[PDB]
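K.L.:
Starting from these lines, generate the structure:
(chains A, B and C, ligands or ions: 4)
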Amino acid sequence: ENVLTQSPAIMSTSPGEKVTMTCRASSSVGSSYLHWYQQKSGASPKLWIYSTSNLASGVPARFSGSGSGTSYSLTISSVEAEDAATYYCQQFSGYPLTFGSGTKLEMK
Amino acid sequence: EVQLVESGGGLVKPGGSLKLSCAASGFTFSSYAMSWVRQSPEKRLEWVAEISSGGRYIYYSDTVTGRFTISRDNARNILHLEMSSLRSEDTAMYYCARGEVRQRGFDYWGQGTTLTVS
Amino acid sequence: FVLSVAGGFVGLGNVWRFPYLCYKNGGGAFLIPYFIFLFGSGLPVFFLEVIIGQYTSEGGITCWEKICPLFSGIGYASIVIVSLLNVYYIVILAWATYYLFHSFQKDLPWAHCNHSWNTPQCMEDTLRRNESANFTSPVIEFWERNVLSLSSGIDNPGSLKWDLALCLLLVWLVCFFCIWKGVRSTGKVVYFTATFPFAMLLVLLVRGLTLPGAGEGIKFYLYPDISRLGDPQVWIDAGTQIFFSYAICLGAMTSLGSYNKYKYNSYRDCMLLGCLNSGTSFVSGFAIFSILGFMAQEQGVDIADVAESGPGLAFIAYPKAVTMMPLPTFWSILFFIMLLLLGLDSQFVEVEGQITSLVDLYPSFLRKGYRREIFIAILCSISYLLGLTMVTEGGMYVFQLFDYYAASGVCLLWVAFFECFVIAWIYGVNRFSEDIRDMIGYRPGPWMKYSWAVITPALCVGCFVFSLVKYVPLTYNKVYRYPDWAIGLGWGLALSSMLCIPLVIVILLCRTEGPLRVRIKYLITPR
Ligand SMILES: O=C(O)CC1=NCN=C1
Ligand SMILES: [Cl-]
Ligand code: NA
Ligand code: NA
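P.N.:
Numbering: from 1, shown residues only, chains lettered A, B, ... in the order given. Ligands and ions are numbered 1, 2, ... in the order given. Shown next is the structure:
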């Protein structure tokens, strides 16, 4: 498998503060083939960032991604109150598709 | 409106068999490659098995390769996932996810069928 | 992949073929079916053959065993097309070598008039406006009287012309000694062999466009209001120029199919390469038609009658532009080395594709090593001895017969229509797009799907029956009509590829046992 080690899950972000999280892949992902997902409190996950740079429908422009090959990141310009969720990066290249660990971006 | 509706959740014995039913509507189901993505009770999301647009190209995860069977019904737009030899570390929340473009990913997800193994 | 393919079909079809095919069909009116075929057919069939090669573990003939084995002879049609293409393509390189060898002297042979091959109907181009129309420029007359030594018809071959046979033997020795007896362009692709062609084309463009009277040449190039689209030679000429410049009814791209990874994103690469080829053809068209505008403004004749409406336009207008360029010996040397480089890369790719398809057709029937070396020499010898019939005095006539009928006529429309029809209506656009989703990642959109389904079959059958209900004969340089036996020979050349598909259909139906519906059902299921 492609083991996607991610940022530490529990981090407390004050509202209106620029925070970011990483996503380290064990193998090389083609950077058009790695996506970021957002799962809210007890709801289903939804696609948030696809091909590590773009944004899905309904995703605010405060979200952005960077990185290629091995290290991938998600960058939030200013965290608002609708951001208390858990984020999973997900490579899509290798036929054993693997999601990352959790990143429960909580509040203070 | 694209909405994936899953069913078939419940409690089963270890080594038992259960069959899920992701009923889909709002898109041409025959032209979109389905997938099943489970979520462990500690909320570590894990992909299980995908199936292509026509159902000919079927992939599974390495953990559930030899005992999970994904199938489709394009006539009435229901996605299935057969399970057998269901062990203890397979209790999860199983989502069906529409991922056809590999550059887009699972852009539409379903609800959860809480599967418990006792 | 891209490095051996960006030279693989960006070759003499863009700097030599599209020029005179645009010139023969009125210039502006050629670009309308050119772009119609390019967008509705050419990039769809480009992606189609690339994915047919990539999906199947093999390529060429036996790629139609994993995709509809009943129509297995699209590969055989591709073999016939690439064989005839190798023959007449290498005699283009023979003429380019003959131009290069005559360039090494300080005064170019096509620069002035006082030469041994020039008739008394010759004056220099700067004197034709002063003398008051049955007179020949030195470039056209050097071409037709020293390079071609052009005779009075295809029925009078004269004699086998000396030193063009030696130039053809030279390019065939280069091809035989740099395809399997050695290595192709491997480390020389960087900074040369791929950007020196485009730098030379840019130099020719910035020379031709700055020539006086080039604006009327660009007007001839880009105004459709002549050679109206009611005569079908424009449509079929543009469609075969698309399917020729892409090598896309050839089996070469299917041969450089299987030499790709299975999960390789080969859609953006194919659109980038196709747009690069179309831009190369279009920019070289600007260059050569600016030169022809200069030639017509200098000679005082019309643009459509200033040079050869046939396969001499890159060997008349481009040497003329070299003549009106500072230090013409140096630039003729670089230009004909450039033509040799494009033609040699494309011929290496085509002969490698033909050899790869023929050894995938017969694995271990010809033993690799000892008998693999013999087969390249046998193929080069056979195509050289069938290339010596274009070397003779009536050699342009046989060459134009090949160039209009053998590998760039109704054979290409037949193979393109049958590939798109087989995939779309037997293999299924849905099932094929499922395979594409497995490999590339995404199902191709309504452009590719509706092009393989409707647009490219409709274009190919429409132009095929349009060139038959309103039939026009093959004429060379708008003055020489071909005889009935030459038209029959050209139609036999075309039918040697088009009748590869019904012959294998009746062979596979005869060799299989059972009722006809069950036989067809068994033969169209992929293996
Ligand atoms: O267009 C070209 O000159 C390159 C080529 N086309 C077909 N085979 C080789
Ligand atoms: Cl072209
Ligand atoms: Na080339
Ligand atoms: Na070309």
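K.L.:
So in chain A, which strand runs the longest?
P.N.:
In chain A, assigned by DSSP state E, the strand with the most residues is strand A:63-76.
K.L.:
what does that one rub up against?
P.N.:
Residues outside strand A:63-76 that contact it (CB atoms under 8 Å, 6 or more residues apart in numbering or on different chains): A:13, A:18-25, A:28-29, A:31, A:34, A:36, A:48-49, A:52-55, A:62, A:77, A:83, A:87, A:89. To be clear about C-beta, it is placed using only N, CA and C from the backbone, and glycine gets the same treatment.
K.L.:
what ranges do the helices span in chain A?
P.N.:
Assigned by DSSP state H, chain A shows no helices.
K.L.:
Tell me where it has strands.
P.N.:
Ranges of strands in chain A, per DSSP E, are A:4-6, A:11-12, A:19-29, A:34-39, A:45-49, A:63-76, A:85-91, A:104-106.
K.L.:
Residue C:380: which of those strands is closest?
P.N.:
Comparison of the strands of chain A against residue C:380 by CB to CB identifies strand A:19-29 as nearest, at 42.7 Å.
K.L.:
which residues touch residue 28?
P.N.:
In the absence of a named chain, this looks at chain A. A:69, A:70.
K.L.:
can you check residue C:159 too?
P.N.:
Per CB under 8 Å, 6+ apart, neighbours of residue C:159: C:392, C:393.
K.L.:
so how far is residue A:36 from residue C:139?
P.N.:
Distance, residue C:139 to residue A:36, using CB to CB, to the nearest Å: 63 Å.
K.L.:
which parts of stretch C:59-72 are buried?
P.N.:
Under the neighbour-count criterion of 16 or more other CB atoms under 10 Å in any protein chain shown, stretch C:59-72 has C:59-64, C:66-72 buried.
K.L.:
One more: stretch C:100-108?
P.N.:
Going by neighbour count (16+ other CB under 10 Å), the buried part of stretch C:100-108 is C:100, C:102, C:103, C:108.
K.L.:
before we move on, back to that, wait, which of the buried residues of stretch C:59-72 is closest to residue C:116?
P.N.:
For the buried residues of stretch C:59-72, the minimum distance to residue C:116 (CB to CB) is 48.4 Å, reached by residue C:60.
K.L.:
what helix or strand is that closest one on?
P.N.:
Using DSSP states H and E, residue C:60 sits in no helix or strand.
K.L.:
Chain neighbours aside, what residue packs nearest to it?
P.N.:
With sequence-adjacent residues excluded and distances taken as CB to CB, 6 or more residues apart in numbering or on different chains, residue C:60 is closest to residue C:357, at 2.8 Å.
K.L.:
and what of residue B:8?
P.N.:
residue B:20 is the one closest to residue B:8 (CB to CB, 6+ apart), at 4.2 Å.
K.L.:
ok so, going back, got the angle for the longest strand of chain A vs strand A:19-29?
P.N.:
Interaxial angle, strand A:63-76 versus strand A:19-29 (axes from the mean of the first three to the mean of the last three CA atoms, to 10 degrees): 120 degrees.
K.L.:
Off-centre distance for strand A:63-76?
P.N.:
Mean-position distance between strand A:63-76 and its chain equals 8 Å (CA atoms, centre = their mean, to the nearest Å).
K.L.:
what's the angle between that strand and strand A:85-91?
P.N.:
Using the same axes, to 10 degrees: strand A:63-76 against strand A:85-91 is 120 degrees.
K.L.:
could you check the angle strand A:45-49 makes with strand A:63-76?
P.N.:
110 degrees.
K.L.:
tell me which residues in strand A:63-76 are buried?
P.N.:
Buried residues in strand A:63-76, defined by neighbour count with 16+ other CB under 10 Å: A:63, A:64, A:65, A:67, A:72, A:73, A:74, A:76.
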